[PDB]
**Q** 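First, the structure itself, so that you have it in front of you.
The chains referred to below are lettered A, B, ... by the order of the sequence lines, with proteins before strands, and numbering in each begins at 1. Below, each value reflects all heavy atoms present in this structure, side chains not excepted, and no hydrogens, waters or symmetry copies.
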Amino acid sequence: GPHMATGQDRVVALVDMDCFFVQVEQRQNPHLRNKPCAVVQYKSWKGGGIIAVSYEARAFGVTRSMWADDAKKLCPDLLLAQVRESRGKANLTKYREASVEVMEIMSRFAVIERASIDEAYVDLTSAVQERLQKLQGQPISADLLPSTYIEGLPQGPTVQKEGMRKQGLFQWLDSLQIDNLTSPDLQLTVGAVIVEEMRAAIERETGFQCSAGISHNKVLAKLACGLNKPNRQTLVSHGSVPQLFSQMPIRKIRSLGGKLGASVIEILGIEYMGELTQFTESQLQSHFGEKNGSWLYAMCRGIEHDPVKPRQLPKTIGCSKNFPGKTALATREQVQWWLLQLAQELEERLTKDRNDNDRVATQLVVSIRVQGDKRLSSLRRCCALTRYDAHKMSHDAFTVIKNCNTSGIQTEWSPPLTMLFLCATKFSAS
DNA sequence: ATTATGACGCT
DNA sequence: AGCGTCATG
Ligand SMILES: [Mn+2]
Ligand SMILES: [Mn+2]
Ligand SMILES: [Mn+2]
């Protein structure tokens with residue numbers, strides 16, 4: 001009735017860089033621009049594993065996780081850029097620095113939450129109130145929203161993509177009641193104006209294009225961002241949620257793409273996010289736990305309260321390498337050499353971090369995988385991180401993993417190691 | 001033999 | 001603390 005809280009109090013955007021590592025490489029090498037191209041890690045095994053794909057190449061079926069040799073079967077003219085290798089491993093510094101460029105631009109408009117190397121949520125509620133006070137009642141011109149889709153429109157009583165985008169936007173803007181600064185649809189619209197400006201600033205100042213979603217919470221903003229890529233933004237209003245969710249597979253919503261979403265589907269006998277509305281909050285909590293159940297109950301109605309956290313920097317700084325199949329580490333000298341390689345990269349990144357961000361890590365986490373273990377991590381052990389020195393860090397990691405060697409020979413390592421991972425955590429202002 | 005990250009929930 | 005899940009450039 002009048003006391004139902006519809007979760008329309010915030011304006012939240014999710015900005016995601018289009019095929020990010022590809023764009024970084026295309027900015028650096030103009031010969032790659034506007035071409036089918038992909039970014040690969042390594043090269044010897046099947047041409048390298050693809051981790052990013054330009055939209056031109058996606059049209060040929062090239063995807064992330066493809067081996068480049070297989071991708072070349074789909075797209076023989078595919079161009080490839082390789083991630084830098086340093087100390088025997090992939091080194092992603094170039095992409096982390098490019099990410100910082102984008103994040104610093106976004107931070108000029110509002111508080112952001114770094115959600116990945118190429119995406120950030122934006123809490124625009126306050127910026128929207130500001131812009132609405134500046135608009136002094138003036139209507140919102142379509143010219144202010146030149147790359148915005150309104151999800152669900154056009155509807156009701158041109159066969160070109162841009163024509164439909166414009167028709168839907170016109171329908172939306174024509175319905176807009178711009179006379180109260182408290183309408184959630186108006187607030188979302190102003191949010192989209194701001195996101196147009198933010199995306200223009202990112203492209204002007206970095207060369208990088210991005211997509212974005214604008215809605216009332218993080219989950220809807222992320223979902224919205226995916227609806228119209230690349231180089232476009234999408235507004236998902238509260239009112240669009242019933243129709244949008246009525247045919248939305250459950251796995252498309254962030255956090256439901258894995259085992260939990262599979263159990264929602266199997267236990268409840270449903271397929272689409274909207275079907276969740278027919279269950280009581282207690283029913284959902286009974287199957288999926290109190291937190292998940294309350295979250296699902298609100299989220300299938302378009303409502304979620306998870307805040308945009310004020311955090312532009314990563315909480316951990318880590319280094320990892322797999323040693324698959326026959327290249328697993330089987331001698332103590334091997335394990336120690338690779339721990340040193342990882343620790344040297346970690347030292348370099350940590351020292352840069354301390355200089356840039358006025359903080360120091362205080363905990364070192366060591367994770368390994370042993371051959372024949374199905375898990376991603378066989379074992380995790382922590383120890384104190386008291387100095388940014390790679391030799392000490394690698395000695396300490398060896399000390400906390402040494403008792404895993406079930407070999408009679410101390411020169412051999414059994415069972416061989418298929419993964420090493422060093423992660424610095426628990427940062428403190430320095 | 002996708003690999004290299006990173007956040008967060010659970011107990 | 002150590003383990004598992006989700007995301008996935
Ligand atoms: Mn992206
Ligand atoms: Mn992303
Ligand atoms: Mn992606």
**Q** Starting from P on B:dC8, measure out to OH on A:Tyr121 and report it in whole angstrom.
**A** 11 Å

**Q** Please report the distance, rounded to the nearest Å, between CG in A:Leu342 and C1' in B:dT3.
**A** 13 Å

**Q** Output one letter per nucleotide in nucleotides 2-9 of chain C: B when a protein non-hydrogen atom lies under 4.0 Å from the base, S when only the sugar-phosphate is that close, - when neither is.
**A** SBBBSSBB

**Q** Under 4.0 angstrom, heavy atoms only, what part of the nucleic acid is A:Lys94 near: base, sugar-phosphate, or nothing?
**A** nothing

**Q** Between the side chain of A:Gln341 and the main-chain N/O of A:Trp338, is any donor-acceptor distance below 3.5 Å?
**A** no

**Q** Whole Å only: how far is the CZ atom of A:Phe288 from the P atom of B:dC10?
**A** 15 Å

**Q** With the threshold set at 4.0 Å, does a side-chain nitrogen-carboxylate oxygen contact exist between A:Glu348 and A:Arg87?
**A** yes

**Q** Quick one, which residues of residues 418-430 of chain A touch DNA chain C with a heavy atom under 4.0 Å?
**A** none

**Q** So, does A:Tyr95 get its side chain near the phosphate of B:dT5, meaning an N or O under 4.0 Å from OP1 or OP2?
**A** no

**Q** Flag the pair A:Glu203 / A:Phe208 as yes when at least one side-chain heavy-atom distance between them is below 4.5 Å, and no otherwise.
**A** no

**Q** Can you tell me which nucleotide in B:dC8, B:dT2, B:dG6 comes closest to the side chain of A:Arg349?
**A** B:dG6

**Q** Can you list, by residue number, the residues of residues 319-341 of chain A that have a non-hydrogen atom closer than 4.0 angstrom to DNA chain C?
**A** none

**Q** Taking A:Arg369 for its side chain and A:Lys374 for its backbone only, find out whether a donor-acceptor pair lies under 3.5 Å.
**A** yes

**Q** In whole Å, what is the span from the CD atom of A:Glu85 to the P atom of B:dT3?
**A** 17 Å

**Q** Heavy atoms only, 4.0 Å cut-off, all strands: where does A:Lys89 land among base, sugar-phosphate and nothing?
**A** sugar-phosphate

**Q** Using modelled atom types only, decide if a donor and an acceptor are shared between the side chain of A:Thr277 and the backbone of A:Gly274 within a distance under 3.5 Å.
**A** yes

**Q** Is the closest side-chain heavy-atom distance between A:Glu196 and A:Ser147 below 4.5 Å?
**A** yes

**Q** Which part of the nucleic acid does A:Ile317 contact within heavy-atom distance under 4.0 Å: base, sugar-phosphate only, or nothing?
**A** sugar-phosphate

**Q** Hey, does the side chain of A:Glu275 reach the backbone of A:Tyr272 with a donor-acceptor pair shorter than 3.5 angstrom?
**A** yes

**Q** Looking at A:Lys392 and A:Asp396, is there a salt bridge between them, counting it only when a charged N and a carboxylate O are closer than 4.0 Å?
**A** yes

**Q** Rounded to whole Å, please give me the gap between CG in A:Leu350 and P in B:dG6.
**A** 11 Å

**Q** Calculate the interatomic distance between A:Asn91 atom CG and B:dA4 atom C1'; express it in whole Å.
**A** 11 Å

**Q** Below the 4.0 Å mark, does B:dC8 have OP1 or OP2 next to a side-chain nitrogen or oxygen of A:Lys315?
**A** yes

**Q** Could you state the CZ-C1' distance from A:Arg114 to B:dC8, rounded to the nearest angstrom?
**A** 15 Å

**Q** Would you call the rings of A:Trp67 and A:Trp45 parallel, tilted or perpendicular, where under 30° means parallel and over 60° means perpendicular?
**A** perpendicular

**Q** Kindly say whether A:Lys222 contributes a backbone atom to a donor-acceptor pair with the side chain of A:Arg254 at under 3.5 angstrom?
**A** no

**Q** Start with the C-alpha distance between A:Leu342 and A:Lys89, add both sets of side-chain angles, then the distance that settles side-chain contact (heavy atoms from CB on, under 4.5 Å), and finish with yes or no.
**A** CA-CA 8 Å; A:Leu342 285 185; A:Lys89 65 178 294 297; 3.5 Å; yes

